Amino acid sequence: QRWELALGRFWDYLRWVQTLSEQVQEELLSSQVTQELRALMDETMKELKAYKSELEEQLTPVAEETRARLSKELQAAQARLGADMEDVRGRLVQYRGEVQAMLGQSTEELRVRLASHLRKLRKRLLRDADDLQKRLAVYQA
């Protein structure tokens, strides 16, 4: 699906950030990484909303209380995905400020801590994307 490809571009970019390689460390102290993640996040959420909209053209007619519930559960699952991606961006903004506060001292321990936290944020994003995909797959029925 288009929204899955969009999410995958966010995911591959974030897998690169996770390496904290020389060029990642450089781009994390500018706005570049968080600006590129914002663009990738925005595209994912736009495609998700359009996908849900087109799915609603080929629905199995069910009880109206049921449809209303499934739609609200799907909107909550979309919301969690967007919040997850924003939580990632926010953690990388935090890193930028903590490096500046070090006034040129070594950042090795900040980077060890960031790597560990990013791994956990990425696991949560993956969890939520799988749950969203599963909900979308039975939504029409």
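The numbering used is simple: start at 1 and walk along the sequence shown.
- Across the other PDB entries of this protein whose models span the neighbouring residues, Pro61 goes unmodelled in a third or more.
- Averaged over CA atoms, B-factors in the entry run higher in 52-60 than in the other of 88-96 and 52-60.
- As recorded in the PDB entry, 61-69 is the stretch of 28-36 and 61-69 with the greater mean C-alpha temperature factor.
- The top Cα temperature factor in the record, among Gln105, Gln75, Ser116, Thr44, falls on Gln75.
- When the CA B factors of the chain's modelled residues are split into thirds, the value for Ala141 lands in the highest one.
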